[PDB]
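# Structural characterization, general
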Amino acid sequence: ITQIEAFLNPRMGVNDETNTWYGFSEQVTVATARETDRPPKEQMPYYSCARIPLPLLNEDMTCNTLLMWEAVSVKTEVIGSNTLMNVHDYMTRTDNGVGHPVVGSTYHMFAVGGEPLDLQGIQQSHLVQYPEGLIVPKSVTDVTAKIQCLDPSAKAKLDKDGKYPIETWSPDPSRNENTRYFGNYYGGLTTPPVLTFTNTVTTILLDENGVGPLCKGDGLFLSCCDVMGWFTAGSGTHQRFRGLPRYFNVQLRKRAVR
Amino acid sequence: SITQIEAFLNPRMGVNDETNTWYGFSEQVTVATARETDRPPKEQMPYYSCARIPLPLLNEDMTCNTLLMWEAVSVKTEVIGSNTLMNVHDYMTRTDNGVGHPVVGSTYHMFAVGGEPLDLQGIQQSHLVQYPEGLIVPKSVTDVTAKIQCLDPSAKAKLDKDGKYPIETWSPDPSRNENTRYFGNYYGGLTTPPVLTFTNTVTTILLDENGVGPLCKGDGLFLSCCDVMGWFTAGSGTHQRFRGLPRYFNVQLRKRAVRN
Amino acid sequence: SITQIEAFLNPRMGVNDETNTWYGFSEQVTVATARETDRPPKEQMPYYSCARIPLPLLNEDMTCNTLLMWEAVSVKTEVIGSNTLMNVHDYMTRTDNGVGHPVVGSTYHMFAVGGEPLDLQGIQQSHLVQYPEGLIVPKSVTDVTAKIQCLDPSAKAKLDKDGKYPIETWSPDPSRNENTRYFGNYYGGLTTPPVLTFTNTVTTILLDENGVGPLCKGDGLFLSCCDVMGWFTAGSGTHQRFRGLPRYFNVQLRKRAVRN
Amino acid sequence: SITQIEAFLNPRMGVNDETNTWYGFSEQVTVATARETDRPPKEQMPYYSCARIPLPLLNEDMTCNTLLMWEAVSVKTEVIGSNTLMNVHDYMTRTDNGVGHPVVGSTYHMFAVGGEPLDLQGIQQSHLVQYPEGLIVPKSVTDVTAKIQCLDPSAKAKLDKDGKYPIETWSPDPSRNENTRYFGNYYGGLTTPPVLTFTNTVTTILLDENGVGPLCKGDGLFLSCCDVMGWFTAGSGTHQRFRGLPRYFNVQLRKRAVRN
Amino acid sequence: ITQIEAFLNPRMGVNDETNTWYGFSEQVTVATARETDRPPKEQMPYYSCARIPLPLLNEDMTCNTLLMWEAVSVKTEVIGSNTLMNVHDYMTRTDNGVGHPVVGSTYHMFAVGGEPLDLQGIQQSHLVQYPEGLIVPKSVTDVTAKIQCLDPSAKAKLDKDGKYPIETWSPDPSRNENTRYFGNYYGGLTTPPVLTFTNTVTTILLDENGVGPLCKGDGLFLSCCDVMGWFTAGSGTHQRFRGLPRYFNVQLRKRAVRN
Ligand SMILES: CC(=O)N[C@H]1[C@H]([C@H](O)[C@H](O)CO)O[C@@](O[C@@H]2[C@@H](O)[C@H](O)O[C@H](CO)[C@@H]2O)(C(=O)O)C[C@@H]1O
Ligand SMILES: CC(=O)N[C@H]1[C@H]([C@H](O)[C@H](O)CO)O[C@@](O[C@@H]2[C@@H](O)[C@H](O)O[C@H](CO)[C@@H]2O)(C(=O)O)C[C@@H]1O
Ligand SMILES: CC(=O)N[C@H]1[C@H]([C@H](O)[C@H](O)CO)O[C@@](O[C@@H]2[C@@H](O)[C@H](O)O[C@H](CO)[C@@H]2O)(C(=O)O)C[C@@H]1O
Ligand SMILES: CC(=O)N[C@H]1[C@H]([C@H](O)[C@H](O)CO)O[C@@](O)(C(=O)O)C[C@@H]1O
Ligand SMILES: CC(=O)N[C@H]1[C@H]([C@H](O)[C@H](O)CO)O[C@@](O)(C(=O)O)C[C@@H]1O
């Protein structure tokens, strides 16, 4: 059993660790028309991803029998729920009451994979104009009204950290044979966030046949996104997405393959 | 041994045409000004999705007293695109400089895997609704009285047309569907937040009490679903639209011998 | 040998007449102006549904010291018609150009399968209510005092008439019902969203801790339920109506020898 | 092997007199105008319910170094009367011509089965409350200081009087209760909807980790509970009353040999 | 099979048992600017922690084989949910209605370990100016915008009661090999609190290899925080954190180890 640890930082829009709003989005702006809907880069949450390099197993990749790393299980943890207990920051308040803590829509997902997470493109609006330096369904097909449902042409891989927006991309259930993904979504404008944390819980990654993800290229592929909802600064009614970092501890073993 | 079949079924929220700019939503919902004048346009209601997937022919010769049928053993299913509701920059209602108000309200989730069409039982919130011609509704199969507000045993149909059987008039019939497995949940309210989980690690077993999965008559696999996520509100108004999401099915099939 | 019995029980929400245009609803709920003049009309309250299903006669002679009884071993039950609550185009209250306000409020779900009528315990929110002629209420079996607001052990009855025992005055008696299995849940509030799951894949075992299911006295299967989904609000005003839904039962029975 | 004991415990919501017209409720709750003049009348607070059920004498001679004790091995418990909260026609607050506002607010549920009185730990929201004469409160057993707002280890008592130990000053003591099993849940809020499940099909095992149930000292079985459902608001005003419900217990016991 | 039991009092800001607001914070003040955000120490909740001394097991610590106390299981309980059923105190009310009970954000965590709990620094705002005598990320590292996500340098041990604020410190999932920790968080301004209590539930502390926390220096390390939400006195709209005490009953055995 080989243990691999990693923390993936949230990519909430302010993805630069020198910027004072790191781990939040920039203030979210809202379209004045369907056809003029143009969100800046910094105002949308992204999938976080990392390829962790694994020890080289085959001193010759020509042999018809090889060793590949198998992900057998994962302990994962969203850290920092405790930060949202801060209600003395410069936040909206009612009379002399506490600062209004982060609330709204929540999006939790992690994936452990032997290759990049397969993504399927889908959108709330076909008419959105995404900025430059983002991978969105437009990058791979003709975005029509079909993208508001299932357009089987809208396929991609999560290979760039902080560049694939959650709002255009779902884990593709029709692929991801070599990846396990898990997520949940809870909507609403002001819904309270919920989180549980413990170091006592292991997720088994073996499939129906006892085969974990197999790490192509001696690469272990971690993906996630942990939106806690919106923060509101005491400066106004403008809101920012707030995300938290995710810990991964993956257990691997060597598996012989043809 | 095990044959994998997969399919995506797209939502039928009333804008059922993939050329239309509001595909995957209803048209703006209108409300009756009287019980007796209640006439929903067909583009303003959500429908059951359904697809008959053709399977490989198993029997060269149908004279044979022993034949093979495809047996649905398990299904991995997945409502895709909960992530799209994290879009709050679209042209939506907002409070001051706050984010766009996301999709909220009543949720209706249902899926079925069968070896024939899903059996439906007619039931309505109002017996006085006038449905457009071209929809299959309780009127289509029996005389509609007040009885339809409860259980009218004569109001039986089969889900045999995609995007034409409205959810508001049809429930899966639990007194039939011997050769289908169905699963659903409903959460009401006007502004209830939507909830969804997704994973590719979860298999639902379709074998009945006797270890028999759905058996695919005519070498067809019958998939059906509806996935209403609630109501969208465009920043043009207070008019609301149903929002649905597509559903993946990956059904595990094996060959089952049957006496002919 | 497993014999199957299936039945639908229609809700008794107050409009218990299948010819009435508000069947499956209550009449408009009125509210007392004083604790001492609290007089609810029969049509304004939800009732327990119940039905005795006749079973095949088993014993040609009842003198015999060994007899067969039908034993209920399991049940598949389903509340039908959650899909009807996805109708928001009816003549209903609305906010601006938004959808009709769907059914919301207090929910009460219960089902029972027994070999005799459900045992009831009388209990009331107010001892001063004056119930109308035609209903079976604690006053029918005992002297009603303030004790009826807690547990009055005199307030005993059997659920032997469909749509005449108001839910508001009768609980399933946990001190009796040796020969019945009952199940239920309650969720209060004025505007709480209703919740429902449905499937044809879930069986409830009726065998007690001794391996014995309900034994059908007089070759009768006793089915009981109530399925209050909340209150409907017509677009004519702020007046509200209870809304209930029908329940399906599929009971698996076997013959069980008994000593007499 | 098994002896069955059954009992109902009525709620002690502050109107603890079965001849009072508000039995099963509190009197109208009053609120302090200062921390230092906070004086709740006894009828305005809910209490623990308790009862000792006598059990057959097993030991004719108490000098014997081997004796039998009754061991509680399991319990079926039920909160009765959630159905009564479906009454929305009583003289209750209402919005326009809507139904009466049903019971909502904070819920506190607890039950305990023990071979002696339940051990209580004193703890308070305010150390400055002045409790009326005739109640057992932390003041009865120790010096009440600000320590009582957290854990004051000197604030120890035994639930030995029905309707006299206010729930707001007393927790089940997890440092004692070796010879008791207790279970509870709390759900706060001013207007939270109440939730209840009921069934006669569920048994809770009372055996500890070493397979030992409560052992009935003095051949008594000690039942305790509290079942606050929230607040009732009469149509007379905005004054509220605690509303509680009775709890049924059915305890299974066996004889166990012990060493004196 | 040895039994340890302890009550840990909450450290909600009024950490002083002589103070009339023991078990609550002082009234919470809110920053008027990101850069002047200075929380007085009495207005934040802290981790509670204690070290329970255990019997000495080894005469000679030089030996290559020794006995350590092993934590196999714990019964834990938050006490005092019943106190929140008091709606007659001097509290906000609507008309002649009951006092508004404690509502808002809840934070529950407990930990049982063979050494102090490992903490990872993380903040909602890198710009907060923490008062004197608290241990906060800046106490151990260079605080920058990195502290708003995961800064690997922000590492500490929960070694002082009522001095590590919950809003700066998460249990570190990358350490705590010799600790089990459990927690849950539920946000919102007015969310109803929820609590279950029973004496019938045991949590197993053995890891995947069947080993519990092993008590270094014959000390058992208990950590917790139990914030129930905010109280609002009838004097105004000013709020106080409200916390509750936590009971621990830890079962220990002797385990032989290779030194
Ligand atoms: C549950 C109850 O007591 N209902 C009353 C009802 C309501 O109080 C009222 O409709 C408000 O919702 O009042 C009823 O009519 C009454 C007459 O019988 C009486 O002569 O005059 C009363 C005037 O206060 C009152 O209108 C009704 O609507 O049916 C009687 C019913 O029992
Ligand atoms: C919990 C508490 O202290 N209750 C008080 C109560 C309330 O403060 C009041 O009803 C508002 O809800 O006040 C009581 O009556 C008091 C008199 O005894 C006193 O002489 O004058 C007071 C006026 O400032 C007040 O009316 C009451 O209603 O019973 C006493 C109770 O302890
Ligand atoms: C968390 C924080 O920054 N708290 C401030 C506090 C609050 O901003 C204020 O009470 C609103 O809730 O302000 C404190 O006092 C301040 C003075 O130090 C200053 O001279 O003037 C300030 C306003 O301009 C304010 O009065 C306080 O109330 O304790 C200080 C605290 O850090
Ligand atoms: C999603 C979207 O279309 N955003 C646009 C916003 C908003 O319309 C307004 O800020 C109202 O929130 O306007 C801009 O001028 C801006 O501030 O950058 C352009 C930006 O593209
Ligand atoms: C469900 C229903 O009856 N809708 C009817 C609507 C609504 O009453 C109004 O638009 C108010 O919402 O009125 C129409 O003229 C319309 O707009 O198409 C006819 C339609 O039959």
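Method information in the entry identifies X-ray crystallography as the source of the structure, with 1.798 Å recorded as the resolution.

## Here we look at the overall build of chain E
Tallying secondary structure elements over chain E gives zero helices and 13 strands in all. Secondary structure elements of chain E, listed N to C terminal, follow the sequence β-β-β-β-β-β-β-β-β-β-β-β-β. Compactness check: chain E gives a C-alpha radius of gyration of 20 Å against a globular reference of 18 Å for 259 residues, within 12% of the reference. In terms of principal-axis extent, the alpha carbons of chain E reach across some 70 × 45 × 35 Å.

## Focus: the pairing of strand β8 (residues 180–187) of chain B
Buried residues dominate β8(B), accounting for six of its eight residues. With eight bridges joining them, strand β4 (residues 107–114) of chain B and β8(B) adopt antiparallel strand pairing. Note that in β8(B) the partner of B:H109 across the bridge is B:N185. Taken together, the five bridges between β8(B) and strand β9 (residues 195–199) of chain C define a ladder with antiparallel strand orientation. Residue pairing for β9(C): B:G184 is matched across the bridge by C:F198.

## Thoughts on the interface of chain E and chain A
Contacts between the two partners involve 59 residues from chain E, matched on the other side by 49 residues from chain A. For the side of chain E that touches chain A, the secondary-structure elements that each account for two or more residues are β4 (106–113), β7 (169–171), β8 (179–186), β11 (219–232) and β12 (239–243) of chain E. For the side of chain E that touches chain A, the leading source of residues is β8(E), giving eight residues. Relative to β8(E), strand β9 (residues 194–198) of chain A runs antiparallel, the two sharing five bridges.

## Topic: the site of ligand 4
Around ligand 4 sit A:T29, A:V30, A:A31, A:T32, A:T36, A:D37, A:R38, A:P39, B:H89 and B:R94, and those are all the residues in its vicinity. Chain contributions to the surroundings of ligand 4 come from chains A and B. The separation between a nitrogen atom of ligand 4 and a polar side-chain atom of A:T29 is 3.2 Å. Here an oxygen atom of ligand 4 sits 3.3 Å away from a polar atom, N or O, in the main chain of A:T36. Tallied by class, residues from the shell around ligand 4 come to three nonpolar, four polar and three charged.

## Concerning the interface of chain A and chain B
Contact with chain A, which involves 59 residues of that partner, is made by 51 residues of chain B. Elements represented by at least two residues in the side of chain A that touches chain B include exactly β4 (106–113), β7 (169–171), β8 (179–186), β11 (219–232) and β12 (239–243) of chain A. When residues of the side of chain A that touches chain B are assigned to their parent elements, the largest contribution, eight residues, is made by β8(A). Taken together, the residues of the side of chain A that touches chain B sort by class into 28 nonpolar, 24 polar and seven charged.

## Some details on the sheet that holds strand β7 (residues 170–172) of chain D
All names here are of chain D. The antiparallel open sheet is built from three strands, whose spatial order is β6-β5-β7. The sheet is open, and its two edges are formed by β6 (156–158) and β7, each paired on a single side. Here the strands of the sheet are splayed against their neighbours by 40° on average, with no regard to which way each runs. Pairing of strand β5 (residues 119–122) with β7, which is carried by three bridges, proceeds in the antiparallel orientation. Residue pairing for β7: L120 is matched across the bridge by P172.

## Some words on the site of ligand 3
Inspection of the region around ligand 3 gives A:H88, A:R93, E:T29, E:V30, E:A31, E:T32, E:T36, E:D37, E:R38 and E:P39 as its neighbouring residues. The environment of ligand 3 is shared, with nearby residues belonging to chains A and E. In this structure, A:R93 approaches ligand 3 through a side-chain N or O atom, which is 3.0 Å from an oxygen atom. Backbone polar atom of E:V30 to an oxygen atom of ligand 3: 2.7 Å apart, as the coordinates give it. When ligand 3 sits alone it has 620 Å² of accessible area, and the protein chains cover 47% of it.

## Quick word on the sheet that holds strand β10 (residues 203–204) of chain A
All names here are of chain A. Strand order in the open sheet formed by four strands is β1-β13-β3-β10, and the pairing between neighbours is antiparallel. The sheet is open, and its two borders are formed by β1 (2–8) and β10, each paired with just one other strand. Examined bridge by bridge, strand β3 (residues 66–78) and β10 share two bridges and lie antiparallel to one another. Bridging from a neighbouring strand, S73 pairs with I204 of β10.

## Some details on the arrangement of the chains
At the C-alpha level, the nearest point of chain A lies 15 Å from chain C, with no contact between them. With no contact formed, the shortest span from any C-alpha in chain B to any C-alpha in chain E equals 14 Å.

## Focus: the environment of B:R181
Of note, B:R181 is situated in strand β8. Looking at B:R181, the relative accessible area reads 7%, which means it is buried. With residues up to four places along the chain from it excluded, the contact list for B:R181 reads B:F111, B:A112, B:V113, B:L206, B:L207, B:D208, B:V212, B:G213, B:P214, C:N200 and C:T201. Of note is the side chain of B:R181, whose polar atom sits 2.7 Å from the backbone oxygen of B:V212.

## Comments concerning the nonpolar core
Grouped together as the largest cluster of nonpolar side chains are 39 residues, with contacts concentrated most on B:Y48, B:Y108, B:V228 and B:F242. B:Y108 has contacts with B:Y48, B:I167, B:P172, B:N185, B:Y186, B:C226, B:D227, B:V228, C:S82, C:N83, C:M86 and C:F198, leaving out every residue within four places of it along the chain.

## So, unusual backbone geometry
Residue and element names in this part refer to chain C. Of note, the phi angle at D96 is positive, near 60°, even though the residue is not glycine. In this structure, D96 sits in the loop between β3 (66–79) and β4 (107–114). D96 sits in the exposed class, given a relative accessible area of 56%. A positive phi angle, near 55°, is found at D219, a position not held by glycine. Residue class for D219 comes out buried when judged on its relative accessible area of 12%.

## Quick look at the packing of aromatic side chains
Throughout the structure, instances matching the rule amount to 49 aromatic pairs over all chains. Between E:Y164 and E:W169, the ring centres sit 5.8 Å apart and the planes meet at 55°, which makes this aromatic pair tilted. Each of the two residues, E:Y164 as well as E:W169, counts as buried. Among the aromatic side chains, those forming a connected cluster through ring pairs are A:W21, A:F24 and A:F231. For the cation-ring pair, A:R242 lies above A:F24, with the distance from its terminal atom to the ring centre recorded as 4.4 Å. The cationic tip of D:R241 hangs over the ring face of D:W22; the distance from NZ or CZ to the ring centre is 3.7 Å.

## Examining the pairing of strand β13 (residues 247–259) of chain D
Residue and element names in this part refer to chain D. One ladder, built from seven bridges, connects strand β1 (residues 3–9) with β13; its direction is antiparallel. Bridge pairing in β13 places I5 opposite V251. Bridge count between strand β3 (residues 66–79) and β13: 13 bridges; the pairing is antiparallel. Its bridge partner lying in β13, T66 is registered against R259.

## Quick notes on the environment of B:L67
Residue and element names in this part refer to chain B. Relative to the helices and strands, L67 resides in strand β3 (residues 66–79). In this structure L67 comes out as buried when scored by relative accessible area, which is 11%. For the pair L67 and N260, spaced 193 residues apart in the sequence, the C-alpha separation amounts to 6.6 Å. Beyond its immediate chain neighbours, meaning those up to four positions away, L67 contacts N59, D61, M62, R256, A257, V258 and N260.

## Overview of the state of the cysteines
All names here are of chain C. With the rule as written, the count across this model stands at zero disulfides over all chains. Unpaired in terms of disulfides, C216 finds its nearest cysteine sulfur in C50, a separation of 15 Å. When its relative accessible area of 1% is taken as the criterion, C216 is described as buried.

## So, the environment of D:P41
By secondary structure assignment, the location of D:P41 is in the loop between β1 and β2 (49–54). Separated by 104 residues in sequence, D:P41 and D:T145 have C-alpha atoms that sit 21 Å apart.

## Notes on the side chain of B:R243
Its location among the elements puts B:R243 in strand β12 (residues 240–244). Nearest to the buried, unbridged B:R243 among oppositely charged side chains is B:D90, at 8.1 Å. Polar side-chain contacts of B:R243 include one of 3.2 Å to the backbone oxygen of A:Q123.

Each value, and the rule that gives it
Numbers given to residues start from 1 along each chain, in the order its sequence is written, and need not follow the entry; residues that have no coordinates are not shown. Each chain takes a letter, starting from A, and each ligand takes a number, starting from 1, following the order in which they are written. With hydrogens and water set aside, each side-chain value is computed from the structure's full complement of heavy atoms. Residues with missing side-chain atoms are left out of burial classes, side-chain pairs and their counts. Helix and strand assignments follow DSSP, with helices taken as H or I runs no shorter than four residues and strands as E runs no shorter than two, numbered in order from the N terminus. Radius of gyration: C-alpha atoms only; globule rule: 2.2 Å multiplied by the number of residues to the exponent 0.38. Three labels apply to residues, based on accessible area from a 1.4 Å probe with only protein chains included: buried if under 20% of the type maximum, exposed if over 50%, partly exposed otherwise in between. Two strands are counted as paired when DSSP detects at least two bridges linking them. Here a residue-residue contact requires only that any non-hydrogen atoms of the pair lie within 4.5 Å. Here a residue counts as near a molecule or strand whenever at least one of its heavy atoms sits within 4 Å of it. Pairs of N or O atoms are called polar contacts if they sit within 3.5 Å, as long as, within protein, a hydrogen donor faces a hydrogen acceptor (for residues adjacent in sequence, only side-chain-to-side-chain pairs). Here the term charged refers only to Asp, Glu, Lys and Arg, the term nonpolar to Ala, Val, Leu, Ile, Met, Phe, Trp, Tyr, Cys and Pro, and the term polar to all other amino acids, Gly among them. Throughout, an axis means a line fitted to C-alpha atoms (over the contacting stretch in the case of helices), and angles, computed between N-to-C directions, take values from 0 to 180 degrees. Calculation of accessible area relied on Shrake-Rupley with a 1.4 Å probe; when residues are assessed, cover is drawn exclusively from the protein chains displayed. Grouping buried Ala, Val, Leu, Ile, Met, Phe, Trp, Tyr and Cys residues that are joined through side-chain atoms within 4.5 Å yields what is termed a nonpolar core. Pairing of aromatic rings covers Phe, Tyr and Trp, the last through its six-membered ring, and needs centres within 6.5 Å; plane angles under 30 degrees mean stacked, over 60 mean edge-to-face, and all others mean tilted. Any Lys NZ or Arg CZ found within 6 Å of a ring centre and within 35 degrees of that ring's normal is scored as a charge over the ring. Here, two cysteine sulfur atoms that lie within 2.5 Å of each other are counted as a disulfide. In this tally, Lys and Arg are treated as positive and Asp and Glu as negative; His is ignored, and so are the chain termini. The term salt bridge refers to a side-chain nitrogen of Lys or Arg lying within 4 Å of a carboxyl oxygen of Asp or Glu.

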